[PDB]
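Enquirer: Please find the sequence and an experimentally derived structure below.
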Amino acid sequence: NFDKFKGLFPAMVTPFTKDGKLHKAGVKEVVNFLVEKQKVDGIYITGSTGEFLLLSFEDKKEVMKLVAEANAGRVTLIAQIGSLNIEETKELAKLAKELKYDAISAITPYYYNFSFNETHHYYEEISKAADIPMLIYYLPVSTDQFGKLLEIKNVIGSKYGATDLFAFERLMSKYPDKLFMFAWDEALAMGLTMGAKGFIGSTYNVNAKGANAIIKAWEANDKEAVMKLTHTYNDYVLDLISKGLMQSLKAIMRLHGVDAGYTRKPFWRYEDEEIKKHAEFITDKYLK
Amino acid sequence: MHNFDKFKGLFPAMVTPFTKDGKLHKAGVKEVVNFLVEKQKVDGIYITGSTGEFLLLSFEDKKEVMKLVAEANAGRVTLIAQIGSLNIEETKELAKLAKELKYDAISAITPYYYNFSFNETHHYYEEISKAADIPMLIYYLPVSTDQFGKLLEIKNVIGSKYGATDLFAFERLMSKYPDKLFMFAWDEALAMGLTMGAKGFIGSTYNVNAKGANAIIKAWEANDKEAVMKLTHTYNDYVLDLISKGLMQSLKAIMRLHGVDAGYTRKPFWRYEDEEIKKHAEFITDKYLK
Amino acid sequence: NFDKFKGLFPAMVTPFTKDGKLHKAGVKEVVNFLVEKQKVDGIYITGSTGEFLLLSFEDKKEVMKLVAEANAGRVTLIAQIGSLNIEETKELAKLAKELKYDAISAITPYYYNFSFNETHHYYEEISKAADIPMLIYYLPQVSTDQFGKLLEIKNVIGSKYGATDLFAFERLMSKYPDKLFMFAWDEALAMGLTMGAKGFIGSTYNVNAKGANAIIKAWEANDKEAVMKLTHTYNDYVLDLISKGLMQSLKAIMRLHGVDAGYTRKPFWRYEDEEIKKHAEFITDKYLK
Amino acid sequence: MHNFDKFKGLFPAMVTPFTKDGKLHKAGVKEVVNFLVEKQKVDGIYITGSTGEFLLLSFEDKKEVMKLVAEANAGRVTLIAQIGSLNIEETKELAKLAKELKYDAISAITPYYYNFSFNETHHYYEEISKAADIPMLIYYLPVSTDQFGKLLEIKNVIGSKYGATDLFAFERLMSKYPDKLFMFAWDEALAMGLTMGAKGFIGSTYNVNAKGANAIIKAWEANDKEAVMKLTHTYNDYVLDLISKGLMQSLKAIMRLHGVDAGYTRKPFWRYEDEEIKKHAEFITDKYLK
Ligand SMILES: [Cl-]
Ligand SMILES: [Cl-]
Ligand SMILES: [Cl-]
Ligand SMILES: [Cl-]
Ligand SMILES: [Cl-]
Ligand SMILES: [Cl-]
Ligand SMILES: [Cl-]
Ligand SMILES: [Cl-]
């Protein structure tokens, strides 16, 4: 049931105007750029990289609508819809279903130290809202205890973004019928090696070509290319994040003529020249 | 040498009453304030902080809580409102409202969830400072003693709420910034804070055991060093027993047991069976609060 | 040219009698077992797994001699020779050279919080003792760059990499293609391979080199599905193995296979006879038969 | 209650003198002991611990240091010997020697390097206890308060050397085990230790600043709350300044500056240029130790 979840899913940036309003036309331009230029397999919206905590409830609903409309069914869509507002999350779940999202995800309840029982109840509540597949976020206790969340109605698997590749291996061993979307960009080839087939990541927003190169080399059994292309990709990631990640991704999109707008406060707003030069540097070095 | 008089003593981090169904329980806010001032005999109240479930409040809910507290207090004790969130524009409006309502200070949590840089954190506090002329308490951010000073020197910042378990860093801040106010926010180390010069204490546990905490302060002031030890052991036994169940649920249950319409927590905090949390409230009350 | 460093290097256990004496004959039996039964590519001696801090200076020398004698030049030999005793360490480096070990290694100065300068100076002192390749231990706390200051010390050919940080490993492999990284996290063998590790040091290969080699062969044969499956089995084995003390289990498993592998030294827990035997039979039956 | 009066006060964790070329400097051990007793005026001495470079001592060196200290001290102050290591049979011989030499207590570090289980650690202390009838101080092991009590109950164990930065765990131990002796070993938190009932202090920094540490204790006993704060800020300034170069190198240099043949550290500790470390010693001495 998971072929549509194979490949690269950029964690989409959410365009804001300079004065911090949701930039609706920009959302459409980003979706078109991801689908048409980056040639991605799917889009992961309103996650951390989408600045989701800086979005109003109305903004979230609007992004979900704009993305579904611009996509027009071309690629797989997953919406991250979690927050501490459980009623809003349920409403966004229903909206995702209505808009024909392929799946939803929800972050672990954040800020406070929520118990396992509270986390389990949270996912249970969201599950009763709409019959749409859910990816839970990986929560570092036991492999077995994590399985209790994976068994929740409508949960098809997890978005796995931890650096612990042993925990990842143990999950792949224990739950071969669950879907693990691998969310640590710098370890793409290591994820492939242990059976990941779908990848969500911020860095795929502007370098799906470089990431796809790793996947293609891996599938072709070119061991040395897998290594080389990984070192290059990870050079890129570290260069990219020498300035704010979302500001950099957005600036690179703008450099390519995409109306991707700006980050919202309290993210740092860079001087014009500084961030443009950063985007130029990254594009020249990695993105041709 | 005796600065910040109005900030001395105990400041419960006030719980925010909700109905069973999750609505802001406005009458409950007033009851809680009256219980804290009149029964707990507190020196001040710290509102819409973590213990006040502030991330579960709407913007309008926050304004309402700030108004209801100022109204119920009617100037009796010192008021501090935690007003920070990732919504900077809303935070500025709350700063202005705090000022209009004659709050004695505001505070604002460190920008959370994401890993914000020092510069982003510094800029966040700078923006909040321009909104209103009202003293600000920043949250301690563990960044050397010196680098933290760059945050302390922001316009209108008078000091910091210090909630870390690092007592050496606290001692270092007290040495380096004798002109700034440090409100000590680790309830389990009250006496340690006092030892190194803390005079004001913000904490969730003072909502229902101000007497036990004050007993430590009074012993300390009275030079009763053995009682400081004994009363601390009792107090920390209390803290550990209290948090055997969810903190805010337990605080609210103890208030409800004392006839205070303190309501319930909001989702996603665990909702206990009413009999289970009642026994917990009685357990804490009979053991420590008589 | 690091061809002789390719493959599996068990971190050899050091046999002691029940009374805590070095069991000389057992040292040779363990070497023969690793070479002939486990079919290993090399042996890594007097490391953590070999209870090296429980060995006297004279014991360390004797193990070094016994292993070189038992090996009879068959497999690659690496001796971990580090301790806080620098003069002894220097003497062990000279001995390893005299015995024609292929490399030495030395753990980071331990117990105390030593500075980078102290750690650098420690490796410099050892380096001057004897002309033999040195593998330094990876230290996290430390940038990929400043770890390069350790890697460039005289006679240092690379590092034994035992951290769980696969990104730092990838970065080292990127930056130092000239250096040798021996990958020492048994539970991530296939991940190591993926990023270019070719030599593996670990405690678990003492008794399941076959299981580990199966992963390597599947990887080399492009059987990506088997790499996954054999890894899942291998990691099941690792976790089952360490449900009792690691060295007690490895030694009990060897004893079950007729190898005079002896016992651990204090303060390691001494199990009751039946408990550890049952554990060894369980591991053998489930994974090693 | 036990009479633990001889364990009150300051116990420097004595440095072990070595010659420049790394030999045990036997005459230096006696001079350091006299300096501690006669000039620092300490209440006791804690030998062959981390600060004494014990891991860099041979078994024979350890026995020699123990003999030389007991000789030089001639019963003037309380003596405690740290005798632990991974060599259990050697540790037992050292426990027997400590008793023969009339040491007041012994201590033994937690088995180190490897991750030893609770059971292994328990059995280790059990084995040491059978060797000689002499009081033992176990090292605090960060573990529940109740689980640590199982170690405290071992034959001949009278308490623990508490060196962690966790003052809450310390408070919990003091609450649960009022008849066990806890020697407080975090120099930067002396006054916080006193406040929770510590009466005996083991620390590297008392080797050369017993005066500054005693000033804190005397101020605390005198209920001079402000002086406790001020003297603590000064003391902790001193500690941070002291360790801006290697701790043992600095302590030894300060002693040498005071005409004490304290010698040098052993490898792999950094050897400073003599002028560099001398100026460091003068800087500390002139700023803090006159
Ligand atoms: Cl994301
Ligand atoms: Cl920007
Ligand atoms: Cl709070
Ligand atoms: Cl409840
Ligand atoms: Cl090892
Ligand atoms: Cl055993
Ligand atoms: Cl010490
Ligand atoms: Cl020196």
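Expert: Arrived safely. Numbering: from 1, shown residues only, chains lettered A, B, ... in the order given. Ligands and ions are numbered 1, 2, ... in the order given.
Enquirer: how about the CA coordinates for the helix or strand hosting residue A:224, as PDB?
Expert: Here residue A:224, judged by DSSP states H and E, is contained in helix A:223-240. The C-alpha trace of helix A:223-240 is given here as PDB (Å, rounded to 0.1, in the frame of the first residue of the first chain):
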ATOM      1  CA  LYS A 223      29.000   1.400  -3.800                       C
ATOM      2  CA  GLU A 224      31.700   3.900  -4.500                       C
ATOM      3  CA  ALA A 225      29.300   6.400  -6.000                       C
ATOM      4  CA  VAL A 226      27.000   6.100  -3.000                       C
ATOM      5  CA  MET A 227      29.900   7.100  -0.800                       C
ATOM      6  CA  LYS A 228      31.100  10.000  -3.100                       C
ATOM      7  CA  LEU A 229      27.700  11.400  -3.600                       C
ATOM      8  CA  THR A 230      27.000  11.200   0.100                       C
ATOM      9  CA  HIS A 231      30.100  13.200   1.000                       C
ATOM     10  CA  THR A 232      29.100  15.700  -1.600                       C
ATOM     11  CA  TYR A 233      25.500  15.900  -0.400                       C
ATOM     12  CA  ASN A 234      26.700  16.300   3.200                       C
ATOM     13  CA  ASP A 235      29.200  19.000   2.200                       C
ATOM     14  CA  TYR A 236      26.100  20.700   0.700                       C
ATOM     15  CA  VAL A 237      24.000  20.300   3.900                       C
ATOM     16  CA  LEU A 238      26.800  21.800   6.100                       C
ATOM     17  CA  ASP A 239      27.400  24.700   3.700                       C
ATOM     18  CA  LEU A 240      23.700  25.300   3.400                       C
END
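Enquirer: and that helix, is it in reach of chain B?
Expert: No. Helix A:223-240 is not in contact with chain B by CB under 8 Å from any CB of the partner chain; minimum separation 15.6 Å. For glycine as for every other residue, the C-beta is placed from the backbone atoms N, C-alpha and C.
Enquirer: Also compute the angle for that helix relative to helix C:166-175, please.
Expert: 110 degrees (axes from the mean of the first three to the mean of the last three CA atoms, to 10 degrees).
Enquirer: right, and residue A:201 touches residue A:10 too?
Expert: Yes. Between residue A:201 and residue A:10 there is a contact at 6.9 Å, judged by CB atoms under 8 Å.
Enquirer: Pick out whichever of those two has more residues nearby.
Expert: Ranked by neighbour count (other CB atoms under 10 Å in any protein chain shown), residue A:201 and residue A:10 place residue A:10 first, with 30 against 25.
Enquirer: Next, the contact list for that one, please.
Expert: Contacts were defined as CB atoms under 8 Å, 6 or more residues apart in numbering or on different chains; by that measure residue A:10 touches A:34, A:38, A:40, A:43-44, A:200-202, A:204-205, A:208.
Enquirer: Which helix or which strand is home to it?
Expert: strand A:7-10.
Enquirer: again with residue A:221
Expert: Assigned by DSSP H and E, residue A:221 falls within no helix or strand.
Enquirer: In space, what's closest to it - neighbours in sequence excluded?
Expert: residue C:222 (4.3 Å; CB to CB, 6 or more residues apart in numbering or on different chains).
Enquirer: Got the phi and psi for the one you found?
Expert: When read as degrees, to the nearest 10, the backbone of residue C:222 gives phi 60, psi 30.
Enquirer: Contacts only, for the residue of chain A found nearest ligand 3.
Expert: As assessed by CB to the ion, ligand 3 sits closest to residue A:112 within chain A, at 10.8 Å. Shown in contact with residue A:112 (CB under 8 Å, 6+ apart): B:50, B:55, B:269.
Enquirer: cool, residue A:78 as well?
Expert: A:9, A:42-45, A:101-105, A:135, A:181, A:200.
Enquirer: redo that, cut-off 7 Å
Expert: Going by CB atoms under 7 Å, 6 or more residues apart in numbering or on different chains, residue A:78 touches A:9, A:42, A:44, A:101-105, A:135.
Enquirer: That one pairs with what?
Expert: Following DSSP bridges, residue A:78 is listed with bridge partners residue A:44, residue A:103.
Enquirer: What about residue A:141, how many residues nearby?
Expert: The tally of other residues near residue A:141 (other CB under 10 Å) stands at 8.
Enquirer: Can you give me the distance of it to chain B?
Expert: Using CB to the nearest CB, to the nearest Å, one gets 17 Å for the distance from residue A:141 to chain B.
Enquirer: what do you get for residue A:241?
Expert: To chain B, residue A:241 is 11 Å away according to CB to the nearest CB.
Enquirer: Same question for residue A:160.
Expert: From residue A:160 to chain B the distance is 19 Å (CB to the nearest CB).
Enquirer: Tell me what that residue is bridged to.
Expert: With DSSP bridges as the rule, residue A:160 is bridged to residue A:182.
Enquirer: Flag every buried residue along the helix holding residue A:224.
Expert: Across helix A:223-240, burial judged by 16 or more other CB atoms under 10 Å in any protein chain shown covers A:223, A:226-234, A:236-237, A:240.
Enquirer: ditto for stretch A:54-70
Expert: Quick answer for stretch A:54-70 (16+ other CB under 10 Å): A:54-55, A:59-61, A:63-64, A:66-68, A:70.
Enquirer: Can you get me a residue count around the closest residue to ligand 6 within chain A?
Expert: Nearest residue of chain A to ligand 6 (CB to the ion) works out as residue A:166 at 26.7 Å. Per other CB under 10 Å, the neighbour tally for residue A:166 reads 18.
Enquirer: Distance of it relative to chain B?
Expert: 24 Å.
Enquirer: OK, contacts around the residue in the stretch 51-200 of chain A positioned nearest to ligand 2?
Expert: Scanning the stretch 51-200 of chain A for proximity to ligand 2 using CB to the ion identifies residue A:51 as nearest, at 12.6 Å. Contact analysis of residue A:51 by CB under 7 Å, 6+ apart lists A:14, A:246, A:263-264.
Enquirer: what's the answer for residue A:193, then?
Expert: Counting by CB under 7 Å, 6+ apart, residue A:193 makes contact with C:190-191, C:194, C:227.
Enquirer: tell me the two of these that are most distant?
Expert: C:191 and C:227 (10.1 Å; CB to CB).
Enquirer: would JSON lines of the contacts of residue A:112 with distance to ligand 4 be doable?
Expert: Output for the contacts of residue A:112, formatted as JSON lines (distance: CB to the ion, whole Å):
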{"residue": "B:50", "distance to ligand 4": "17"}
{"residue": "B:55", "distance to ligand 4": "18"}
{"residue": "B:269", "distance to ligand 4": "8"}
